[PDB]
Every structure is written in structure tokens, then in C-alpha cells.
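A lone chain, given as C-alpha cells: the form deposited in one PDB entry.
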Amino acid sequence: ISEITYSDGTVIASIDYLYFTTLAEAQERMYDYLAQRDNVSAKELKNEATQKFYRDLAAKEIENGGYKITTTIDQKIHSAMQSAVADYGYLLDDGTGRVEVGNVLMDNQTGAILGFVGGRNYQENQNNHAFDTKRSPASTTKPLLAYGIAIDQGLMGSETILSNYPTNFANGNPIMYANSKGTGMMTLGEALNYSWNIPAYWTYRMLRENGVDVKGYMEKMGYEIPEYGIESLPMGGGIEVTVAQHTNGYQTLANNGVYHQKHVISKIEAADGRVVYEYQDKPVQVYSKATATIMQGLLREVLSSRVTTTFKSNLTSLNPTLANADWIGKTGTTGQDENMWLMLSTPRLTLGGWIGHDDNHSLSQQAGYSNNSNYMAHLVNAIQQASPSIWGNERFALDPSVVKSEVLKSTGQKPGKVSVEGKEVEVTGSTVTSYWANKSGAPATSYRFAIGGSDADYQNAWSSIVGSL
């Protein structure tokens, strides 16, 4: 009778979060294997009755067969993660009841899942918040769906300027962030650190205007998103993901643009040793190396800046060496504080983390900012203790293909002549290196130098700019 092992061949069980997660995945691979073995047509496989039967026939196969199921799970690491959430999960409770939690640690280079947190305590609550739970990824959407795609397309670079000026949705309601209706122009860096919404709204809207196949990108990463025609899409509206699937997105950015499909099972072998399933590596360059490495740079500072997450502070206090790893990441917070995300990467690993309530009520305001950040610092340390060089010491680095431009700070763009209602101006001032992922680098400065902005906005910004020579 059959076995599931850790990656080193150590038996997990013969046929708790660990048990069911790995088994359910093994059964899903067994389901595929049998449907292909019986030549079940794709029409047939859509049939509900057929699915039940084959779901049931895969389950019995594992029980009765004598298969070895090799998982990707690292015993020391996964176990250290269980202790972590046991020891430190209480840091999440903030007076809104018992806060649940999902984490997935993924190898950036393989997609393998080394260990995971399923929830506060399987014995109290059996919902798997790492693999099953689907929640809006909120602002963690932005680097993937908006900004990363805009850069990859050549429509934006590291120090391009976006409008966070007040603006409304089609219905007339103001696009909000926290309680702000917006401010003014702003670099991509600042838009990312503070997690503004308006800048993301204009970015997505620009992608639609340029006809960019955004679905194409998201699908290459395994994202199932049913409707792309949504103005708040890039802020995580109309999207729902597992922590495992979402971790896979950040795995893509971290792995210099190259997707590896997540997996928890690497091999199933019949009792006579014939492989019935084995994981096939299909790297996929979702973003250009320039794009991914440019994005790595920005997400480095999302964490450094500490604007929306205290994480680096927390990690520094618990483990100052570890804190010097080249961490990058992105927070998410849903509009009523229903869900907090913190996504973290070093060159080697990605660790995704969600918290919230099962019934979807609000957390405290600081639940993502402080609590989750603190918790994940403890979790990241606990993985370190268990496997001391697993995080690695590599730095993320700009790909040589990255083009570097001299732009004005004020416009995001090369200095140049511009007309400001009549009066042409020679536009001059302090400059910055901007990183682009196109052939040619930044354009020269135009009147509409920014992503988004009304006319009014533009004669307000140009006002100050002109003032400032």
C-alpha cells in the first residue's frame, strides 16, 4: 500500500494540512493519468458524471495501488513553518476575532513548494488557506497586471511619472485610496511604495488603449480571471487567487521573468517502479529580463521604504544578518481591510502570505502594515533557522539588456523643447537615470509626459515645473 514522501524520500504517511494537501494533489495527477490511460475525450472530461467517477477511481487507485508519491516538501522547513504559526500566529489577532493565515514558500527556479502554512490550527479549523481559499490579491496585483506589463511593453520606465491627481470612475464616484481622493504627479517608485490607486488605474487603461494582450501575460502565470473589462482590475477588483497561485506570480518576477508552474508533487511511481507521473519543467519567459529586473529594483524599495509594511524593521530586530538578504516585495490591503497580503522574495525563494477572516469581515487597520509583517518576519526567521542558507545571499541585478536613460525628475522624460499654451519652453532641471525595457529608452518630454492626467491637471503640473527654472 501507497506512500507520500518528503523530497528526501522520508515517508510522510501511508494512505495534517500536509497530508490532505499532498494527497489531493496526488489524486489530481492520478486523475489526469487515468483519463489519459482510458483515452477519455475532452468532451467526456467536461461531463460531471465522468469527473465524479474518475475522481473516485483516482482515489481508490492510490489506496489500493502501491505508489510512491514524491512531494517537493522539505521536512525541516515545513515543520519549522508549522512551529512558526503555532508559536507566533497569535501576533495576528487584533481584536477582530481569530485571524486566519496562509503562506507558501516556493523555490524561484523550479516552482517547487518547499513548505506552507495552511491556517492557525488544522485541529480547530480545516480550511486550507494556502491552497484552497481564493481572495482578492488587492494591490499586489499592480506590479504584475499594470506596471510590469507597461514596462515590458515599452510604455513606461523606472522613473516615469504617473498622475495621482483626483479622478473618477465612469459612474462618477471618486477613485479613492485610504481616505484620500489623490494628490498630483508622482514617479512609479512613489506610486509603488505608497500603493496609490489612480496611477494603477491609468496604467491599465493605457494598456487597453494600446491593445495590449494582458490576459496573455496573466494566463502564462496560471491566473484565471473571468472578466478583464473592469476599471479596478489592476487594484485587485474582479480577481480571486489562492496563496499558492499568487506566490507563483511573484516567483515569475523574482526568477528574472521566467515562470515555473507551482507544484507539490514531483513524481508518482507504480509499485514496479514505472513512473506514472513526473513533473516536466516548462520555463516560460512571461516578462523580459529587463522588465523583471527593473521591477525587482522597485519592489526592493517597496520594502526599504517601509511605507505600507514594517517588515524590514521587524526582520532587522529578530535577525540582522537575514535582514541583509536582498529582499523585495509588495503589500496588499483590500478596500475594507478584509484581506492583507505580503509577498516576499529573495533571488532564491518566494514567500507569499495572506491573512483575513473566513467569513470575510474587516481586520484592524494595521493588520497588514504591522501584524502580518511581524508574523512573516518571525516565519522568515524560522525558515532560516531550519535551513540556514536556503534564502541565499545573492543580489537581484539589472539585466544587461536594460536600457538606461537621462530623464528629468519632473517629467520622467529627456529634457527638450515643449509648448505650454503658446509660449514654447526649453525644459531643463535635475535628472535621474531611468530604466526601460525597450529598444530606445525614454522619449523626449511631451506636454502629456505622464501616465494619466486631465488638461486641468496638466496646466497645474506645468505651472509648478515652469515656475521651477
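In this text, residue numbers run from 1 along the sequence as written. Think of the rigid core as the biggest set of C-alphas that the two forms share within 1.5 Å after superposition.
A second form of this protein, the form deposited in another entry, is not displayed here; the remarks below concern that form.
Relative to the superposed rigid core, the position of the CA of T433 differs between this form and the one not shown by less than 2 Å. Taking 2 Å as the criterion, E44 counts as shifted between this form and the one not shown: its C-alpha moves by at least this amount when the rigid core is aligned. A displacement of less than 2 angstroms separates the C-alpha positions of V402 between this form and the one not shown, with the rigid core held in common.
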